[PDB]
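Everything on this sheet refers to the single structure shown next.
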Amino acid sequence: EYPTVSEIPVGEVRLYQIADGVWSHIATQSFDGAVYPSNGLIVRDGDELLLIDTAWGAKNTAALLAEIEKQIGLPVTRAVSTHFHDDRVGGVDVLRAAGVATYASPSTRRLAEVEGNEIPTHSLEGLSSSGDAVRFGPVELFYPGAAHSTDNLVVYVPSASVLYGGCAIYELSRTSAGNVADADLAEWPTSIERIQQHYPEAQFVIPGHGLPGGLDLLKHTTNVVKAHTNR
Ligand SMILES: C[C@H](CS)C(=O)Nc1cccc(-c2nn[nH]n2)c1
Ligand SMILES: [Zn+2]
Ligand SMILES: [Zn+2]
């Protein structure tokens with residue numbers, strides 16, 4: 001079964017096989033007095049692994065690398081962070097120290113700088129305007145426009161029809177807004193339709209926090225954002 005928050009002590013990471021050569025990584029971390037689960041992606045890139053997002057902190061991210069080595073045994077050589085928050089860049093310094101080349105859009109890297117979070121080393125060019133998409137090894141990176149954050153990217157794995165929505169996408173059982181401190185509640189439903197229009201063939205949809213689902217997560221997320229807009 002997909003691991004839930006009460007099953008993962010903070011400091012431990014679980015790996016979950018989604019398809020051949022595609023895994024999600026699941027960690028847990030405290031935020032303002034409660035502990036939450038968090039998802040990331042791992043994609044086989046030939047003889048190497050491409051990591052999508054840290055495990056939300058340095059200690060969790062070290063546990064992630066240890067779990068990858070134990071269970072998969074290929075090197076993580078590249079990583080992309082999908083937004084500037086700590087569940088996506090927190091641990092980038094651990095990755096860099098372990099030899100991982102770290103990437104994020106230029107908007108993400110500057111927003112990370114400002115918030116005092118860790119900063120990916122390399123900039124992803126070609127994602128500066130909503131609707132833009134670029135190839136990055138075995139994945140496509142898509143900028144859907146502002147949503148959970150103004151700099152949020154989603155990640156598509158064509159080999160497997162896996163759509164990684166990151167924190168722009170809510171899981172089914174979440175019916176209220178999470179951290180919207182940095183969100184653009186007006187644009188958000190528009191960006192979701194863009195995702196829907198760019199990846200209608202998506203088979204698995206992974207939110208930034210919680211249980212994977214289908215393209216139904218897109219509709220559901222839009223409802224939650226709008227419910228919260230006239231609450
Ligand atoms: C740092 C990380 C960036 S998305 C984060 O805020 N995760 C996160 C995840 C799930 C819920 C909440 C939340 N906030 N208020 N009620 N629930 C926050
Ligand atoms: Zn976030
Ligand atoms: Zn998040």
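Starting from 1 in every chain, residues are counted up; chains themselves are A, B, ... following the order of the structure tokens, and ligands are numbered from 1 as listed.
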
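With only C-alpha atoms and all ligand atoms counted, the chains near ligand 2 contribute these residues within 8 Å: residues 83, 84, 85, 86, 87, 88, 148, 149, 167, 179, 180 and 182 of chain A.
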
Strand (DSSP E) residues, from DSSP on the backbone, in range 83-222 of chain A, as a PyMOL selection string | chain A and resi 101-104+122-123+133-136+139-142+154-157+162-166+204-207

Skipping near chain neighbours, those fewer than 4 positions away, what residues fall within 9 Å of range 91-107 of chain A using only C-alpha atoms, listed as a VMD selection string?
-> chain A and resid 53 to 62 65 75 to 84 86 to 87 111 to 112 118 to 128 150 to 151 153

d(CA of residue 219 in chain A, CA of residue 41 in chain A) in Å =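 The value is 22.1 Å.
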
Quick one, how far is CA of residue 229 in chain A from CA of residue 141 in chain A?
-> 28.3 Å

Residues within 12 Å of residue 222 in chain A, only C-alpha atoms, excluding chain neighbours under 3 positions, as a PyMOL selection string | chain A and resi 147-148+168-172+174-177+185-193+195-196+215-219+225-229

Could you write those residues out with N, CA, C and O atoms, as a tab-separated table (two decimals), in the first residue's frame?
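So the final result, stored in out-v6.tsv, reads:
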chain	number	residue	atom	x	y	z
A	147	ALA	N	0.12	28.91	-9.29
A	147	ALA	CA	-0.88	28.12	-8.60
A	147	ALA	C	-0.51	28.09	-7.12
A	147	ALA	O	-0.51	29.14	-6.47
A	148	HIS	N	-0.13	26.91	-6.60
A	148	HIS	CA	0.38	26.83	-5.23
A	148	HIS	C	1.46	27.87	-4.99
A	148	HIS	O	1.53	28.50	-3.93
A	168	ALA	N	1.06	22.08	-6.54
A	168	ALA	CA	-0.09	22.58	-7.29
A	168	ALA	C	-1.28	21.62	-7.28
A	168	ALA	O	-2.40	22.04	-7.57
A	169	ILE	N	-1.06	20.34	-6.96
A	169	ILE	CA	-2.09	19.33	-7.03
A	169	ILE	C	-2.32	18.75	-5.64
A	169	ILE	O	-1.36	18.32	-4.97
A	170	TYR	N	-3.58	18.73	-5.22
A	170	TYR	CA	-4.00	18.14	-3.96
A	170	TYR	C	-4.43	16.70	-4.15
A	170	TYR	O	-4.96	16.32	-5.20
A	171	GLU	N	-4.22	15.90	-3.10
A	171	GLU	CA	-4.80	14.58	-3.03
A	171	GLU	C	-6.30	14.67	-2.74
A	171	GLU	O	-6.82	15.68	-2.26
A	172	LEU	N	-6.99	13.55	-2.97
A	172	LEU	CA	-8.45	13.47	-2.91
A	172	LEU	C	-9.00	13.80	-1.52
A	172	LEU	O	-9.99	14.53	-1.40
A	174	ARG	N	-7.93	15.70	0.78
A	174	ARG	CA	-7.70	17.05	1.28
A	174	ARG	C	-8.81	17.96	0.77
A	174	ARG	O	-8.97	18.13	-0.44
A	175	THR	N	-9.55	18.58	1.69
A	175	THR	CA	-10.68	19.40	1.30
A	175	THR	C	-10.55	20.84	1.76
A	175	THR	O	-11.49	21.62	1.63
A	176	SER	N	-9.38	21.22	2.27
A	176	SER	CA	-9.12	22.59	2.68
A	176	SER	C	-7.72	22.98	2.23
A	176	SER	O	-6.85	22.12	2.00
A	177	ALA	N	-7.50	24.28	2.13
A	177	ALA	CA	-6.23	24.80	1.64
A	177	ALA	C	-5.11	24.54	2.65
A	177	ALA	O	-5.30	24.67	3.86
A	185	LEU	N	-4.29	32.48	-5.81
A	185	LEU	CA	-5.57	31.79	-5.80
A	185	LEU	C	-6.42	32.10	-7.02
A	185	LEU	O	-7.37	31.35	-7.29
A	186	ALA	N	-6.15	33.20	-7.71
A	186	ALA	CA	-6.91	33.55	-8.91
A	186	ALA	C	-6.45	32.74	-10.12
A	186	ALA	O	-7.27	32.12	-10.82
A	187	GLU	N	-5.14	32.73	-10.38
A	187	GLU	CA	-4.60	32.00	-11.53
A	187	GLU	C	-4.70	30.49	-11.36
A	187	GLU	O	-4.81	29.76	-12.36
A	188	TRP	N	-4.69	30.00	-10.12
A	188	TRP	CA	-4.50	28.57	-9.87
A	188	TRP	C	-5.42	27.69	-10.70
A	188	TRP	O	-4.91	26.79	-11.39
A	189	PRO	N	-6.74	27.88	-10.71
A	189	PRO	CA	-7.58	26.99	-11.52
A	189	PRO	C	-7.29	27.05	-13.01
A	189	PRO	O	-7.54	26.07	-13.73
A	190	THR	N	-6.78	28.18	-13.50
A	190	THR	CA	-6.42	28.32	-14.91
A	190	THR	C	-5.20	27.45	-15.25
A	190	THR	O	-5.18	26.74	-16.26
A	191	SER	N	-4.17	27.53	-14.40
A	191	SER	CA	-3.00	26.68	-14.54
A	191	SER	C	-3.36	25.20	-14.51
A	191	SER	O	-2.76	24.39	-15.22
A	192	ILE	N	-4.35	24.82	-13.71
A	192	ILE	CA	-4.74	23.42	-13.66
A	192	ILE	C	-5.33	22.99	-15.00
A	192	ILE	O	-5.07	21.88	-15.47
A	193	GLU	N	-6.15	23.85	-15.63
A	193	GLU	CA	-6.71	23.46	-16.93
A	193	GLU	C	-5.61	23.31	-17.96
A	193	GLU	O	-5.61	22.36	-18.75
A	195	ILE	N	-2.55	22.25	-17.40
A	195	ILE	CA	-2.04	20.90	-17.17
A	195	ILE	C	-2.97	19.89	-17.81
A	195	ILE	O	-2.54	18.94	-18.47
A	196	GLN	N	-4.27	20.06	-17.56
A	196	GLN	CA	-5.26	19.15	-18.12
A	196	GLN	C	-5.18	19.15	-19.64
A	196	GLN	O	-5.30	18.10	-20.27
A	215	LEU	N	-6.35	11.78	-13.12
A	215	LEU	CA	-6.61	13.15	-13.52
A	215	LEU	C	-7.77	13.77	-12.75
A	215	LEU	O	-7.91	15.00	-12.77
A	216	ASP	N	-8.57	12.97	-12.07
A	216	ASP	CA	-9.56	13.48	-11.13
A	216	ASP	C	-8.97	14.39	-10.04
A	216	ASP	O	-9.72	15.19	-9.47
A	217	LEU	N	-7.67	14.26	-9.72
A	217	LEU	CA	-7.06	15.15	-8.73
A	217	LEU	C	-7.04	16.59	-9.21
A	217	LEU	O	-7.06	17.52	-8.39
A	218	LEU	N	-6.98	16.79	-10.53
A	218	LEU	CA	-6.94	18.13	-11.09
A	218	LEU	C	-8.26	18.86	-10.85
A	218	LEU	O	-8.28	19.96	-10.28
A	219	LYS	N	-9.37	18.25	-11.27
A	219	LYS	CA	-10.69	18.79	-10.98
A	219	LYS	C	-10.85	19.05	-9.49
A	219	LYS	O	-11.16	20.17	-9.07
A	225	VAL	N	-9.58	24.98	-4.29
A	225	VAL	CA	-9.04	26.34	-4.37
A	225	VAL	C	-10.17	27.36	-4.44
A	225	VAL	O	-10.05	28.47	-3.91
A	226	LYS	N	-11.26	27.02	-5.13
A	226	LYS	CA	-12.36	27.95	-5.29
A	226	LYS	C	-13.25	27.99	-4.04
A	226	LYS	O	-13.64	29.07	-3.60
A	227	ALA	N	-13.56	26.82	-3.47
A	227	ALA	CA	-14.21	26.79	-2.16
A	227	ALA	C	-13.50	27.71	-1.18
A	227	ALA	O	-14.14	28.49	-0.46
A	228	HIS	N	-12.17	27.63	-1.12
A	228	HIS	CA	-11.40	28.48	-0.23
A	228	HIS	C	-11.42	29.94	-0.66
A	228	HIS	O	-11.09	30.82	0.14
A	229	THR	N	-11.79	30.23	-1.91
A	229	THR	CA	-11.79	31.61	-2.38
A	229	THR	C	-13.08	32.35	-2.01
A	229	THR	O	-13.04	33.58	-1.83

Residue list (alpha helix (DSSP H), DSSP) for range 161-216 of chain A, as a list in words = residues 188, 189, 190, 191, 192, 193, 194, 195, 196, 197, 198 and 216 of chain A

Residue nearest residue 201 in chain A - candidates A:224, A:181, A:114, A:162, atoms counted: only C-alpha atoms =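 Looking only at the distances to residue 201 in chain A, the closest residue turns out to be A:162.
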